[PDB]
Every structure is written in structure tokens, then in C-alpha cells.
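Only one chain is included here, represented as C-alpha cells and corresponding to the form deposited in one PDB entry.
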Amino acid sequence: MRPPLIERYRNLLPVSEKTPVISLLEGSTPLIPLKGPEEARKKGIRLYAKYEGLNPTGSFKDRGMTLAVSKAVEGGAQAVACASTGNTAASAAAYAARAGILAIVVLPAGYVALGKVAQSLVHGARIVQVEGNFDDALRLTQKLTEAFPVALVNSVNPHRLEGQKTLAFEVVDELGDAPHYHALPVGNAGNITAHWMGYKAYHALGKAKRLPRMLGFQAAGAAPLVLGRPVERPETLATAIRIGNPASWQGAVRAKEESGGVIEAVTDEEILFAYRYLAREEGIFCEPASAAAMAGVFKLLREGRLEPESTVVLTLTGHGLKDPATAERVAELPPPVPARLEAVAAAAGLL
């Protein structure tokens, strides 16, 4: 039912009958139609959540990583490396283990979500925590791949974006056309770039009449693409996108311009509100960075910038399980009570 992504889109990918397919059966994730928000519903605006949290490692990074490691192995690579806020690393770690090769991940000290650390650890990856942020780990890791015979699997590797563009193909395959708008978070910018590549590709093939407007959102304390210049000290509780100098900078600007979309900023508070809304009202638990997409939609809706009767697809990038710690910021765990029908019923608000 959920075939190797490489196999599903073999026709549109730079692969051949000799490409070793290293796959954990990624992609083909649910496109969940949302109930609200109330604002959008009484405006005929329909929202769909492309839940990338259901990929093998819990994020969309598996999409780009399956093609990257597959091609790397095709080249005889026996190790890969990458800088990461957490998810790309977890993906490299898992696929390396799958391929039977070595994985080296460089993370920003103290700025990687507990779940993501747990993954690299258990998958037996070679972890290097550096005293710097993501942008520092990215530059460091690029050299690391030039000092040792290790394949770089960061978005700079063309295969990453080639694989990630498959998400747009899946959205069109399921809806029958491209949506009026597609919202997503923007970190190092590889994803928004890949999305746009996918939509233009299906459009040129005549599988999508319309080209959607790409709506990219960044945390206010790490919005380089929104200010128009790098952010040396990016900050945000949504650590997945605590990036101040996106590698695919031009890719995103181009995607924005060509699609007629935008790349704006949402505050950490708005992120947490959207974060809570999705889990509590829609039953969809994504990580804070992913919630930035919904927070961006709330923003545009609030400003009356979304046309009535339009379709909005949001790429919810990572599963909520990736960042357990943040759950404590939108709800508190009640203290224990005696194991008695009376005590429980009272604590349950039934008495």
C-alpha cells in the first residue's frame, strides 16, 4: 500500500534499474482534510494536512534521504554525514543503518529536540555536538565531507530535493489538481524549493492546471528570508527551524516569486496556538516548527488574504512525538490521586 517512494515515482526520478534502493517504505503519507478553522470554514476555504509526521523517522526528510543514500550507495559510498537541527540527522541515521553504512551527524549543542536525539542515538549514528548553532554545524559538516570519504546528505545534495519534490506529486495525485495555496515552514529552505519544483514539473506534464501559491513561514526570531538578510543569532522554541542562513536561500525566493506566494514570520506564541489547535481540535499532533504552517494560515486568514472557496494544503513537517518537552507549554499534567472510583471521578470532573 505504501511502496518505496523511489519505486512509486521511478518515472520522475534520476534512478535506473541498477540504483540500489535503500528504503524504509517512506512517502505516500495521509492528506488529512481538516475540519476548520472556523474562520476558513465559513469562507469556503478547505484545508488539508499533508502529515509528513508519518514517514518512517517522523518527518518529511525521509523523501529526500531515501534518494540521497540510495544514490550515494550507488556511488560506492560507505558513510554519509549531515548537519542538523534534528530531523535530517535522524533520517540519515536510520537510512544509513538500513543501507548498512556509517552515519555522522553534527548537531547544535542544546538545540535539538529530545525525540530527535533519541533517534540518532538508538540508530547507532556517530553524533558530534558542536558549540554553535545549525549554521555553524552546516559549514563544519561540509568540510568534514571534504576531509573524509563521506557523502554529504544535507539539502545541498541535489538528490535530497529531488526526493522531496515527490510530496507535491502526491498532493496532486490525490486531489486531482494542485491546491490554490500550499503552506509550509521554512528552515534551511530545501523543502519549499522542492515543493515548487514538484508543482512546476506536474504542471509542465499537464497533470495540474493551476500552479499553487507557496506560503512559507518562519519563526520571528529566525526569519532571515523575511528580513532580507542572514540572522546571526536565530532564536525560537521551534528549534527545527532555528536557522539564520538558509542554504537554499535563492531556491525559496524564486519559489516565492514564481508562484506569487509569500514568506512571512509568525511569533512563537502564534506557533504554540496553532500547535494546540491542531492536536486539540483536529486530532493531529505535529512538532512546533510544523505548526508554523498552520500559524501562517491563521495569519493570512486573520488579515483576509485568502480567497473564498479556495483549497489550502499544509505540509505538517514533523510528528509531535519529536518534541515532547513543548507539550508542557500548552497544558499541565495533573498530580496523582488515590486509586478510588470516587477520587478518579472527581479528578475527571464528573462529580
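Between two forms, the rigid core is defined as the largest C-alpha subset superposing within 1.5 Å. Residue positions are given as counts along the sequence shown, with the first one as 1.
For the C-alpha atoms alone, is the average B factor greater in 299 to 307 or in 281 to 289, going by the entry? Higher mean C-alpha B-factor in the PDB entry: 299 to 307.
Mean temperature factor over C-alpha atoms, higher-scoring stretch between 39 to 47 and 26 to 34: Stretch with the greater average CA B-factor: 39 to 47.
Return the residue from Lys116, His182, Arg160, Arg139 that has the highest Cα B-factor in the entry. That would be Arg139, according to the entry.
Return the residue from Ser84, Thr239, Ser91, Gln129 that has the highest Cα B-factor in the entry. In this record, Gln129 carries the highest C-alpha B-factor of the candidates.
Third of the chain, ranked by Cα B-factor, where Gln78 sits: It belongs to the highest third of the chain when residues are ordered by C-alpha B-factor.
Quick one: classify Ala274 as lowest, middle or highest third of the chain based on its Cα B-factor. According to the entry, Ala274 has a C-alpha B-factor in the chain's lowest third.
Consider only the C-alpha atoms of the modelled residues in this chain, order them by B-factor as the entry records it, and name the third containing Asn191: lowest, middle or highest. CA B-factor rank for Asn191: middle third.
Assigned third (lowest, middle, highest) for the C-alpha B factor of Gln164: Middle third by C-alpha B-factor.
Grab the CA temperature factor for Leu211 from the record and place it in the lowest, middle or highest third of its chain. It belongs to the highest third of the chain when residues are ordered by C-alpha B-factor.
One more form of this protein, deposited in another entry, exists but is not displayed; see below.
With the core superposed, find the residue in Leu227, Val117, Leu211, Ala201 that moves its CA 2 Å or more between this form and the one not shown. Flagged residue: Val117.
If the two forms are fitted on the core, does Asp136 show a Cα displacement reaching 2 angstroms between this form and the one not shown? Yes: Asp136 shifts by at least 2 Å between this form and the one not shown.
Fitting the rigid core first, would the Cα of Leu107 be found 2 Å or more away between this form and the one not shown? The answer is yes, as the C-alpha of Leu107 shifts between this form and the one not shown by 2 Å or more after core alignment.
After the core is matched up, is the C-alpha of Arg10 off by 2 Å or more between this form and the one not shown? Shift at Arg10: below 2 Å after core fit.
Your call: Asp62 and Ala113 CA atoms, closer or farther in the other entry versus the shown structure, by 3 Å or more? Distance between the C-alphas of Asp62 and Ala113: longer in the other entry, by 3 Å or more.
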